[PDB]
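Undergrad: Residue numbering for the sequence shown is 11 to 246, as defined by the numbering used here.
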Amino acid sequence: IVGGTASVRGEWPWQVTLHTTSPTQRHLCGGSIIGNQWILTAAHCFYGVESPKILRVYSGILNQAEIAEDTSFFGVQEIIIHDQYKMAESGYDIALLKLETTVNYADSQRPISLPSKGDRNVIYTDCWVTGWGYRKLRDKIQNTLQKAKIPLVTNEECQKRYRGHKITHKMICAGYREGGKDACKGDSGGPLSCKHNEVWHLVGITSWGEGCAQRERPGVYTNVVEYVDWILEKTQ
Ligand SMILES: NC(N)=NCCCCCNC(=O)[C@H](Cc1ccccc1)NC(=O)c1ccc2[nH]c(=O)cc(O)c2c1
């Protein structure tokens, strides 16, 4: 996260850090608890991942330093990638991880609500992006989970900023005209969480963009409301 601040422990209890153990253990991508056996994340995170056996999901984490060889984690039983996914920039950048055991919910870890189809007309004014990603284009994974408040931008506005791409209605964009606050490398797969009528909704999944926090280059997110049928289908 560029231009963000350290999170409070437990304030983003749906946020997970997905690790790979190969060749040695490291943070791979963000994701969101959406059900007791289910993490929603980006499809592009699994480029070259051959098997779910190399993955570890850690929940209830604030600091990456909490994670050591003796720290408990959730195994991944299955990776489910949208069958129309080819790459982040063309959409369908969404994936489910089916965990090998179920998450026991607590103040430190619990699921985020998916948006309703009735909320397509909602004007979210309180949206946040979170993660352990870079604080600038050339940087490293951060110890402490970062957060930034970022306003949504209209698709028509977003399309003007990415003339070489097609910004579809299955995408949603967010950014300051002047830049300065954004997701960056290592944040991908994580949530764009919006608070509306005192409830947090998983509005986006961090997907792609040009550089990080550049002026007139908003972040592009998978538009989660357009996938509620797919999520239901794939999780039932
Ligand atoms: N909103 C804006 N402006 N851009 C949107 C930002 C989201 C895309 C950025 N890419 C990303 O976030 C890659 C996506 C990716 C993941 C896995 C494999 C390939 C690509 N992530 C990374 O480049 C990435 C992921 C995990 C990492 N772990 C480490 O220990 C060190 C790293 O340098 C590192 C880098």
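All residues carry an ideal CB built from backbone N, CA and C; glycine is no exception.
1. With respect to 7 Å, is the separation between the Cβ of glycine 20 and the closest non-hydrogen atom of ligand 1 below this value?
2. Following a CB-centred definition, is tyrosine 57 positioned closer than 7 Å to any heavy atom of ligand 1?
3. Suppose the cutoff is 6 Å on Cβ atoms and the five residues either side in sequence are ignored; what does the same chain contact list for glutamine 87 look like?
4. Could I get the ranges of all uninterrupted alpha helix (DSSP H) runs contained in the stretch 150 to 187, with 4 residues as the minimum, in chain order?
5. What are the partner residues of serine 69, as DSSP defines its beta bridges?
6. Shortest alpha-carbon distance to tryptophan 218 belongs to which of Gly229, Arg225, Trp210, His211?
7. Within 10 angstroms of the Cβ of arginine 130, are there 16 or more other Cβ atoms? Answer buried if so, exposed if not.
8. Between the beta-carbon of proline 161 and the beta-carbon of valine 235, is there less than 8 Å?
9. Report, in whole angstroms, the separation of the C-beta atoms of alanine 53 and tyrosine 95, which I expect to be a contact under 8 Å.
10. Looking at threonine 232 and ligand 1, is the gap between the Cβ and the nearest heavy atom below 7 Å?
11. Quick check: does the Cβ of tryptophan 218 come within less than 7 Å of any heavy atom belonging to ligand 1?
12. Given a cut-off of 8 Å on the beta-carbon distance, is the pair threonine 216 and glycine 190 in contact?
13. Quick check: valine 113 and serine 42, are their CB atoms within less than 8 Å of each other?
14. Can you look up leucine 107 in the DSSP assignment and give me helix, strand or coil?
15. Mind checking whether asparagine 233 and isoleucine 182 have CB atoms under 8 Å apart?
16. Can you have a look at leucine 50 and say buried or exposed, based on whether 16 or more other CB atoms are within 10 angstroms of its CB?
17. For a cutoff of 8 Å on Cβ pairs, would you count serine 61 as touching chain C?
18. Tell me the rounded alpha-carbon separation between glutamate 167 and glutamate 226.
19. Is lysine 205 near ligand 1, with its Cβ less than 7 Å from a heavy atom?
20. Using the Cα positions of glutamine 224 and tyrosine 102, report the straight-line distance between them to the nearest angstrom.
21. Return the first residue and the last residue of the alpha helix (DSSP H) that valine 238 is part of.
22. Let me confirm a value: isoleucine 71 is counted as buried when at least 16 other C-beta atoms fall within 10 Å, else exposed. Which label applies?
23. Given the structure, does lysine 195 come close to ligand 1, in the sense that its CB is under 7 Å from one of the ligand's heavy atoms?
24. Rounded to a whole number of angstroms, what is the C-alpha to C-alpha distance between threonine 27 and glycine 174?
TA: The short version:
1. Answer for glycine 20: no, Cβ out of range of ligand 1.
2. At least one heavy atom of ligand 1 lies closer than 7 Å to the C-beta of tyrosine 57.
3. Around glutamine 87, the same chain offers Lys108, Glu110 as residues with beta carbons nearer than 6 Å, after the five sequence neighbours per side are excluded.
4. Restricted to the stretch 150 to 187, the alpha helix (DSSP H) segments that are unbroken, complete and at least 4 residues in length are 165 to 171, listed in chain order.
5. Bridge partners of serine 69: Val26.
6. When each option's Cα is compared against that of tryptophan 218, the closest is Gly229.
7. Exposed.
8. Their beta carbons are not under 8 Å apart, which means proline 161 does not touch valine 235 by this criterion.
9. 4 Å between Cβ atoms; contact.
10. Answer for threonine 232: no, Cβ out of range of ligand 1.
11. When distances are taken from the beta-carbon of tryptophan 218 to the heavy atoms of ligand 1, the shortest one is below 7 Å.
12. The Cβ-Cβ distance between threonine 216 and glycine 190 does not fall below 8 Å.
13. Taking C-beta atoms as the reference points, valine 113 and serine 42 fail to come closer than 8 Å.
14. Under the three-state reduction of DSSP, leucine 107 is assigned to strand.
15. With respect to the 8 Å criterion, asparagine 233 and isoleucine 182 are classified as neighbours on the basis of their beta carbons.
16. That one is buried.
17. Although the question refers to chain C, the structure presented lacks it and comprises just one protein chain.
18. So the alpha carbons of these two residues sit roughly 10 Å apart.
19. Checking every heavy atom of ligand 1 against the Cβ of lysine 205, none is found closer than 7 Å.
20. Their Cα atoms are separated by approximately 24 Å.
21. Per DSSP, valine 238 belongs to the alpha helix (DSSP H) from 238 to 245.
22. Classification for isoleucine 71: buried.
23. Checking the Cβ of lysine 195 against ligand 1 gives yes.
24. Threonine 27 and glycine 174 have their C-alpha atoms roughly 32 Å apart.
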